[PDB]
Amino acid sequence: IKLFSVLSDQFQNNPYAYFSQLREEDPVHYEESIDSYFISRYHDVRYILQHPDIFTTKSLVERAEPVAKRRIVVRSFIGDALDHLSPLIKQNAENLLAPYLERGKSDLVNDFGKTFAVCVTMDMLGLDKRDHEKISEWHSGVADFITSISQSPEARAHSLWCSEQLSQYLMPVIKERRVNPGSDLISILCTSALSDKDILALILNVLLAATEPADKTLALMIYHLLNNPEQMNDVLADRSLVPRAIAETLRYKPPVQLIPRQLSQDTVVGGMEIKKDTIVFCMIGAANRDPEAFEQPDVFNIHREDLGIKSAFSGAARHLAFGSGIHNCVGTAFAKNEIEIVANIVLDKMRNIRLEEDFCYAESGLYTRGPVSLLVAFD
Ligand code: HEM
Ligand SMILES: c1ccc(-c2ncc[nH]2)cc1
Ligand SMILES: [Mg+2]
């Protein structure tokens, strides 16, 4: 059945049950609802993410809207700085965890994760960490505008308010640093090219970008490590394993699930010929589960020889969770080091971590996916 819908409740309840069938039967799957093709095969996807002259993306300055080489520049402003934020990402985790020790339990997504990911992004932007609640809130409100297929008139209103709220918060902070630079990212954005309203739309995009996926990765890892208790023990003993666990969780259950692209000319991918101006969706989950790229692909295995940690976190990595080529996630380097730091602390701090009694595990999200909650218990 090619008639099946990939925006359907049924798809969303468990996408990994259906990818297999999309590849090998309807790889360039047309969705009759939007005017968009969903591409599910690894090589078909990777070629698209390789060449953004044919499959153009949306640039790193314009608004993340209703859904050239500052990359270089931003890349090193993360890269050079990620070793200055190492003690702060470190304190963030420790500070945020302290409430939940002794109680002996926590929900790593609701009690801990969302709030941690936000505080990191805030140190990277140099905003005042006291305001983390305001921000997580507004940050979701816009995240929604983007993630959602459609919205209620209440939500759409609320999302618009959040952007309004976000703008009027950041913008004075932009001018303050344009004239008195700090040593944060916003501070650098205003040094040696860019205008005020442009620097805002960039900050807004980095905020959206560094925040949501970080959350989800740490949680997906903890969950897949506790679900293979013997691999969890593997990580507990030799900590150098953390990155592979990060990586394999990335291939396994990629936080960002779809990558879109606009189509320049008329071009063929797979068996199907497409047409101009059309948005096609890369199905990352589907690609990281293609036998063609990974053997035993539906097995969480941190020790898999076909992962390749040497490059799991670069422009030319095996999995497509960070995208591919010259448009790969700008903070890949940063993503590694951030998640690494928490994971390590979590393990250090929640001795004898286990899943809570009667913990029923569930995931949510079409564009970006992750656990609704992860209920863990500890000493
Ligand atoms: C859990 C780790 C992360 C994952 C899996 C991830 C994944 C991705 C993916 C798949 C893309 C789209 C590639 C494309 O279509 O061009 C992307 C874009 C991007 N990422 Fe990440 N990312 C992560 C963490 C981060 C962090 C920590 C930062 C900032 C330090 C960051 C900054 C960006 C930026 C600026 C973009 C460009 C998209 C835009 O224009 O808004 N990412 N990321
Ligand atoms: C909502 C939140 C974040 C994203 C995103 N796109 C690339 C990296 N992160 C997309 C939608
Ligand atoms: Mg973060």
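Each residue's number is its place along the chain shown, starting with 1.
Quick check of the header: X-ray crystallography, 3.3 Å.
Just so it is clear, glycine is given a Cβ too, placed from its N, Cα and C backbone atoms.
Of the residues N95, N110, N205, Swiss-Prot puts just one in the heme site with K58, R261, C329: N205. If you take the C-beta of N205 (heme binding site) and look for same-chain residues 6 or more apart in sequence within under 8 angstroms, you find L60, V61, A64. Highest Cβ count within 10 Å among the binding-site residues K58, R261: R261. Sequence-distant contacts (6 or more apart, same chain, Cβ under 8 Å) of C329 (heme binding site) comprise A209, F322, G323, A335.
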